[PDB]
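Taken in order, these protein sequences are the chains called C and F.
Under this note's numbering, the first residue of the first sequence carries the number 1, and numbering increases by one thereafter.
Under this note's numbering, the first residue of the second sequence carries the number 1, and numbering increases by one thereafter.
Below is one structure, written out as C-alpha cells; comments come after it.
Number of protein chains: 2
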Amino acid sequence: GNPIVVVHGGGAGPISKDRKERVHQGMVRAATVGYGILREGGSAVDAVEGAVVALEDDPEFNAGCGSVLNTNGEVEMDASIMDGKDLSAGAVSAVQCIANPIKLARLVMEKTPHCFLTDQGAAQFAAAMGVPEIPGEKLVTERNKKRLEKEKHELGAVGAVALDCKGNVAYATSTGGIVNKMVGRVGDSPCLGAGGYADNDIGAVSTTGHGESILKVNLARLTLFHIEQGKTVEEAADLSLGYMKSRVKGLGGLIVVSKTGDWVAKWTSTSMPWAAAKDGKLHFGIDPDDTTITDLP
Amino acid sequence: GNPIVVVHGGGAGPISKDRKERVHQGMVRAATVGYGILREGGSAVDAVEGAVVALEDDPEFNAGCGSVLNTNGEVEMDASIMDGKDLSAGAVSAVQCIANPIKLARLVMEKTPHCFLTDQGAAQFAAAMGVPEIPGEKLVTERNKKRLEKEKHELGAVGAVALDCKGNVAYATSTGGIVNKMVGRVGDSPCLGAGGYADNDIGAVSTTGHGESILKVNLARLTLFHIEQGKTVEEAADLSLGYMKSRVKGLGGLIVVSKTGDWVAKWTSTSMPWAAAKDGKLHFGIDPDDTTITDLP
Ligand code: NA
Ligand code: NA
Numbered sequence: 001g002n003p004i005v006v007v008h009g010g011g012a013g014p015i016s017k018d019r020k021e022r023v024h025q026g027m028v029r030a031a032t033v034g035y036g037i038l039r040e041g042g043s044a045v046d047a048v049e050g051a052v053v054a055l056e057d058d059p060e061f062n063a064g065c066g067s068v069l070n071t072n073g074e075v076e077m078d079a080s081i082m083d084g085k086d087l088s089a090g091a092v093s094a095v096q097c098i099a100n101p102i103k104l105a106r107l108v109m110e111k112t113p114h115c116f117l118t119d120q121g122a123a124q125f126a127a128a129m130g131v132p133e134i135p136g137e138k139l140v141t142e143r144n145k146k147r148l149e150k151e152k153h154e155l156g157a158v159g160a161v162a163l164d165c166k167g168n169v170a171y172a173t174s175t176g177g178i179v180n181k182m183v184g185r186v187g188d189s190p191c192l193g194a195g196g197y198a199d200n201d202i203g204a205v206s207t208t209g210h211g212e213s214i215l216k217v218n219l220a221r222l223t224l225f226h227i228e229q230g231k232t233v234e235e236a237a238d239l240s241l242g243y244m245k246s247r248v249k250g251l252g253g254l255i256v257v258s259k260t261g262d263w264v265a266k267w268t269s270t271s272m273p274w275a276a277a278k279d280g281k282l283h284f285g286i287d288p289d290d291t292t293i294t295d296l297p
Numbered sequence: 001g002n003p004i005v006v007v008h009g010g011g012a013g014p015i016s017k018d019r020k021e022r023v024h025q026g027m028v029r030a031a032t033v034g035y036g037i038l039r040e041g042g043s044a045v046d047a048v049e050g051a052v053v054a055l056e057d058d059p060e061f062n063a064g065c066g067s068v069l070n071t072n073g074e075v076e077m078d079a080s081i082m083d084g085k086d087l088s089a090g091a092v093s094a095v096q097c098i099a100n101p102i103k104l105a106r107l108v109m110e111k112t113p114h115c116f117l118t119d120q121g122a123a124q125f126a127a128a129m130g131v132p133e134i135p136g137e138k139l140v141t142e143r144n145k146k147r148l149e150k151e152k153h154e155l156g157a158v159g160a161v162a163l164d165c166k167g168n169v170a171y172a173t174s175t176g177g178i179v180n181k182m183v184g185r186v187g188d189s190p191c192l193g194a195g196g197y198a199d200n201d202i203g204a205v206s207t208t209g210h211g212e213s214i215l216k217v218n219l220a221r222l223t224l225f226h227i228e229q230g231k232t233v234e235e236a237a238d239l240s241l242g243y244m245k246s247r248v249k250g251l252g253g254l255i256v257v258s259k260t261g262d263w264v265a266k267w268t269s270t271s272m273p274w275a276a277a278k279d280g281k282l283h284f285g286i287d288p289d290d291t292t293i294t295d296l297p
C-alpha cells in the first residue's frame with residue numbers, strides 16, 4: 001500500500017507575509033518526519049505522533065512550545081492520539097510544564113488501562129513515567145505574551161493523519177487552546193470524535209478551529225459518517241464543516257485520509273496551514289488556491 | 001407534543017436482592033422529578049438536570065454522593081449536559097468537593113463562552129459562581145471504602161434523556177467513574193458524543209458502562225447516526241451496543257429518545273436500572289425483559 005501523511009496548523013485568520021515562510025518550513029518539517037517514518041515501514045500512529053512532536057517543539061505553532069496563553073499568562077495544553085486498528089487511544093487535558101503533550105497522550109494509551117488523563121493526575125502520571133518537568137516560561141513565546149495583552153484589552157490546534165504501508169490509519173491532535181481562556185478550559189483536541197477520529201474501516205480525521213463548535217458537532221466522527229454513507233473525502237469535509245458553520249456558527253478546518261488513500265485539507269476559516277506527502281510528492285498550502293507541489297525524496 | 005423522560009443507573013453486573021429495592025426507589029424518584037418538570041411545561045434540559053441531581057444526591061448511585069473512589073480513596077466526578085435546539089452544552093471533569101457536578105456543567109453552559117472545564121479550573125469556577133464547597137468526605141460512603149479495599153487487594157454513569165412539550169431534546173450524564181481509577185482519569189461521561197448527545201433533528205442519548213469503550217466508539221453519537229439512516233430506536237441501540245462489544249470488547253448500556261417520541265433502554269452488561277415516564281405511565285426495570293408499568297400522575 002502507498003502511505004500518506006497529512007498535517008495541519010491552526011484553522012484561523014490571515015497570516016502575516018513573513019510569518020507564512022516560518023509556517024511553510026514548519027509544515028514541511030512535520031510532513032517530512034511523518035512521511036519518513038511511513039517510508040521506512042513505521043506505523044501510522046508513530047507517523048502522526050512524530051509529525052505533531054515537530055509542531056509542538058516549533059514555537060510558530062499553537063501546541064507545546066508556542067501554545068497560546070490562558071487568562072493567567074500560563075500554558076495549559078491538550079492532546080489526543082488514536083490508532084484505527086483497535087480504536088486504542090490516549091488523551092491528556094490541561095497539562096503543564098512538559099514539552100510534548102502528544103507523547104504523554106501516547107503513554108496514556110500504552111501504559112494505562114485508561115484513555116484520558118487530566119490536569120493534576122496527568123502531571124503525576126508524567127512524573128511517574130520519568131517525563132522531564134520543564135519551566136512554564138520555556139513554553140511561553142513573546143508573540144503569545146503580546147497576543148494575550150492585546151486580547152485582554154479588546155486560534156486552532158495542530159494535527160496529523162496517516163495511512164501506513166499495512167493499511168492502518170491514525171490521527172494526532174495537540175493544542176495550547178484559545179488566547180485568554182479560563183483556567184481549566186478543555187477544548188475539542190483531547191475529545192475522541194471531536195479533536196479527531198481514526199478507524200481502519202473508514203479513515204482518519206484531525207480538526208482545528210473553534211473548539212466549542214467542533215465539540216458540539218463531533219466534527220471528526222461526523223466527517224467519517226459522510227464517508228460511510230458513500231461521499232468522497234472532499235464532499236464529507238465540506239458537508240461536516242458546512243454543517244458546523246450553519247448549525248453552531250463555527251469556523252475551522254480538518255484533514256482526512258480514507259482507508260483507500262484519498263485525502264483532503266479543507267477549511268471555513270480564512271486560512272489553514274497544511275501539507276500532505278504521498279508517492280514522493282509534497283503538497284503544501286495556507287490560503288485557498290495557493291497549493292504548491294514539490295518532490296519529497 | 002407528549003413529553004417523555006428516560007433515566008438510567010449504572011450499566012453493570014447483577015444487583016443484590018435488598019439493594020434492588022433502593023435502586024428501584026431511586027429510579028422512580030429521578031423519573032418522577034424529570035416527568036414533573038416536563039408536565040408543568042418545563043424544558044428538556046431542566047428535566048434531565050432535575051432527574052440527574054436526584055441520582056447524584058442518592059448514595060445508591062455512582063454520581064455525586066455515592067461516587068466510586070479513585071486510587072487515593074477520593075471522589076473525582078465528571079458530568080455533561082446538552083441542549084438539542086442549538087447544541088449548547090456544558091461539561092466538567094475531575095471535579096471534587098461539590099454536591100452536584102451536573103449543576104456545575106449547567107453553569108459552564110450558561111455562564112461561560114466554553115463547554116468543558118476540568119479539575120482546578122472547574123473548582124475555581126464553582127467558587128466564583130458561589131457553589132458551596134462540601135467536605136469531599138460528605139460524598140464518600142462506607143460501601144465505596146470497602147469496594148476500594150476489595151479491588152486493591154484482588155461501574156457506570158447515571159443519566160437522563162428527555163423530549164419536552166415544545167419538541168426539544170436533552171441529555172445529562174454524571175459519574176464517579178470506575179473503582180480504584182488513576183488520579184485525573186476522565187471517562188466518557190463529560191465527552192459530547194460519548195457520554196451523551198442531544199439534537200432536536202434526531203433525538204437524545206445518555207450512556208453507561210465501560211467509559212474507555214464508550215469513548216472509543218463514540219457510543220451516543222453512533223446510536224443517533226443509525227436513527228438518521230432510518231433505523232428504529234431499538235435497532236440503533238442494538239447495532240451501537242453490538243458494535244462496542246465486537247470492536248473494543250466493551251459492555252454497557254444506553255437510553256434513547258427520538259424527536260418523534262420513540263424511546264428505549266438497552267444494555268449488554270448484566271443489568272441497567274432504568275425508568276421511563278410518558279402519557280401518565282411509569283416504566284421500570286433492571287434485568288432484561290423484566291419491566292413493570294404503573295400510573296404516574
Ligand atoms: Na509549538
Ligand atoms: Na449518588
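Yeah, the Cβ is synthetic: ideal placement off N, Cα and C, and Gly gets one too.
Sub-8 Å separation of residue i and residue j beta-carbons
i: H226 of chain F; j: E235 of chain F; result: yes
i: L241 of chain F; j: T208 of chain F; result: no
i: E110 of chain F; j: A94 of chain F; result: no
i: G196 of chain C; j: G252 of chain C; result: no
i: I15 of chain C; j: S174 of chain C; result: no
i: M82 of chain C; j: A198 of chain C; result: yes
i: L254 of chain F; j: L296 of chain F; result: no
i: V68 of chain F; j: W274 of chain F; result: no
i: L117 of chain F; j: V108 of chain F; result: yes
i: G121 of chain F; j: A105 of chain F; result: no
i: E60 of chain C; j: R29 of chain C; result: no
i: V205 of chain F; j: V161 of chain F; result: yes
i: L148 of chain F; j: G73 of chain F; result: yes
i: residue 301 of chain C; j: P113 of chain C; result: Given a span of 1 to 297 for chain C in the structure shown, any question on residue 301 of chain C remains unanswerable.
i: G203 of chain F; j: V257 of chain F; result: yes
i: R221 of chain F; j: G193 of chain C; result: yes
i: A157 of chain F; j: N62 of chain F; result: yes
i: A47 of chain F; j: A128 of chain F; result: no
Residue i Cβ short of 7 Å to ligand 1 heavy atom set
i: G9 of chain C; result: no
i: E76 of chain C; result: no
i: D18 of chain F; result: no
i: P3 of chain F; result: no
i: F125 of chain C; result: no
i: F61 of chain C; result: yes
Neighbouring residues, chain C, relative to residue i (Cβ below 9 Å)
i: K216 of chain F; result: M82, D86, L87, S88, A89, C115, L192
i: residue 347 of chain F; result: Within the shown structure, residues of chain F are numbered from 1 to 297, placing residue 347 of chain F beyond reach of any answer.
i: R221 of chain F; result: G193, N218, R221, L222, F225
i: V33 of chain F; result: The contacting residues do not exist; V33 of chain F stays about 27 Å from chain C at best.
Residues that residue i contacts on chain F, provided the C-beta gap is smaller than 8 Å
i: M182 of chain C; result: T112, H114, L117, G121, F125
i: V45 of chain C; result: Correct list: empty, because the minimum Cβ distance to chain F is about 14 Å.
Per-residue contacts from residue i into chain C (C-beta, under 8 Å)
i: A94 of chain F; result: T118, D119, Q120, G121
i: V179 of chain F; result: Going along chain C, no residue has its Cβ under 8 Å from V179 of chain F, so there is no contact; the nearest lies around 12 Å.
i: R106 of chain F; result: What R106 of chain F touches in chain C: nothing, since even the nearest Cβ is about 16 Å away.
Check: residue i C-beta below 7 Å from any heavy atom of ligand 2
i: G285 of chain F; result: no
i: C97 of chain F; result: no
i: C65 of chain C; result: no
i: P101 of chain F; result: no
i: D58 of chain F; result: yes
i: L55 of chain F; result: yes
i: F116 of chain C; result: no
i: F225 of chain C; result: no
Below-8 Å beta-carbon distance, residue i vs any chain A residue
i: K145 of chain F; result: Of the protein chains in the structure, C and F, none is chain A.
9 Å Cβ cut-off: residues of chain F touching residue i
i: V131 of chain C; result: Per Cβ cutoff of 9 Å: no residues; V131 of chain C is ~14 Å from chain F at best.
Next item on the list: Note down, one range per segment and in chain order, each alpha helix (DSSP H) of at least 4 residues found wholly within the segment 63-121 of chain F.
Entry: 101-111
Margin query: If the cut-off is 7 Å on Cβ atoms, which residues from the segment 231-249 of chain C count as contacting chain F, listed in chain order?
Written below: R247, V248
Note to self: Under 8 Å, CB to CB, which of the residues in the segment 139-173 of chain F have a partner in chain C?
What the structure shows: none
Note to self: My parser needs the beta strand (DSSP E) runs of 3 or more residues fully inside the segment 120-193 of chain C; what are they?
What the structure shows: 158-163, 169-175
Next item on the list: Mind checking the segment 256-286 of chain F against chain C and listing, in chain order, the residues whose C-beta falls within less than 9 Å of any C-beta there?
Entry: none
Next item on the list: Could I get the ranges of all uninterrupted beta strand (DSSP E) runs contained in the segment 236-266 of chain C, with 3 residues as the minimum, in chain order?
Entry: 252-258
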